[PDB]
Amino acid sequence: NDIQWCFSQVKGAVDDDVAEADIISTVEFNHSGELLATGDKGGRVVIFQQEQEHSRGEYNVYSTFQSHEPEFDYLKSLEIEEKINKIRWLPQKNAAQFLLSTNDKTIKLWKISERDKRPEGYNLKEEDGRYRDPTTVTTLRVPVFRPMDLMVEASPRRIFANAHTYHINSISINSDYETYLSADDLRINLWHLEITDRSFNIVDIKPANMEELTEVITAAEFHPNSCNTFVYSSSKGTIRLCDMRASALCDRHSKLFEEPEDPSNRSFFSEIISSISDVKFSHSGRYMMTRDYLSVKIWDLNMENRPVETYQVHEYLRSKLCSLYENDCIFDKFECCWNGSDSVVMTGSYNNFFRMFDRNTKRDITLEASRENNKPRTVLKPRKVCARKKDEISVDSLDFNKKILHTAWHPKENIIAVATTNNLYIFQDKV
């Protein structure tokens, strides 16, 4: 039945000192699954490598670097944050690894490589310990290579900057191994992975009169297989699927996915809670999952009028919408992810809770990412929230400062990474 999730690892400070710069803002596995990268608010990217001797090894620190630095836009006299918005791994070209890291304005291509040898031997001097007198040398010696302890290097290969007027919210690589897209609030640009001085603006929904603004782009993503298909979601709860074969500019959407507005549950907040914060293509590519504030919707790419599935993440927050609006919690941008076989979907919630939904069995579980269970191979108890029986949690006792916004699934195994405000938890199943 349900997967027996167990505590495996925790990475971060043992205290509650968030420091506001160590807060994780993105979690991502690579294509093989052995590497796990996290970016934080301070602009740092940390890569953990699975211990290789199916594979249930632990993750240890593999690399660390400063992806982005704080900047100042003199052109607008505004502080440009170094917070890492998205990290996307590229398919493995050679022995090195590559990723794309984006802040609000700039995308960077980073190469992570291992070096295990160094040059040895000198002509005009010794090994930097002393210099040699001129004319003393009468025999050339070409430097040789000698092994050294393995050390990991991270270097920025290409910078894609100054192309987005607004804050970038999405980057997505194309299946052709050649291009990718970056999407800010109102425009989607297409980049070539080896060209930094120009980009192709494929989508532009900026109105002529800015006081007539009604929609913004909240997420965008390429199809996992099809090289011509991509989707982008908006703050109105609609997803536009664009085909790049029809025309050079994708201003005319091929498909429009939107559910009819239910007049039953109308409220003052129905416009805010209907905004889509994340859209993810299934691994098979035949389904599409969108996350709004209160629910997770699964759409068949052949049916546009309604989703095929709808799961309610946290229904007990429906009566507490005003309170969540007062403290700006209603504007949180949660995420969602599929499993390897597109059968289970995982998303986050409040009070360090994350939700698993099984599509085959229609069973949902709530689990807690807490350090109080800091014992490896310990089964996580399911959690229940009461609107108070035994082992239940009252709604008014939930901590809304503890949000699980970023989660990742291992592309092949049953390993999940869950980012709380300051710690990163890695959970495995009972194997």
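Rigid core: the largest C-alpha set superposing within 1.5 Å between the two forms. Numbering starts at 1 and runs along the sequence shown.
**Q** Consider 100-108 and 144-152 separately and indicate which one has Cα atoms farther, on average, from the shown form in 5 other deposited structures of this protein after rigid core alignment.
**A** When 100-108 and 144-152 are compared in 5 other deposited structures of this protein, the bigger C-alpha shift is seen for 144-152.
**Q** Could you check whether 125-133 or 244-252 drifts more from the shown form in 5 other deposited structures of this protein, using RMS Cα distance once the core is superposed?
**A** It is 125-133 whose C-alphas lie farther from the shown form in 5 other deposited structures of this protein.
**Q** Among the other entries of this protein that model both neighbours of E261, is it absent from at least a third?
**A** In at least a third of the comparable entries (those modelling both sides of it), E261 has no coordinates.
**Q** Please establish whether a third or more of the other compared PDB entries omit coordinates for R363.
**A** Negative; every one of those entries includes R363.
**Q** If I compare the deposited sequence with the modelled residues, how many are absent between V379 and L380: none, 1 to 3, 4 to 9, or 10 or more?
**A** The entry has no unmodelled residues between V379 and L380.
**Q** Enter the number of deposited residues without atomic coordinates between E53 and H54, binned as none, 1 to 3, 4 to 9, or 10 or more.
**A** Gap between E53 and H54: 4 to 9 unmodelled residues.
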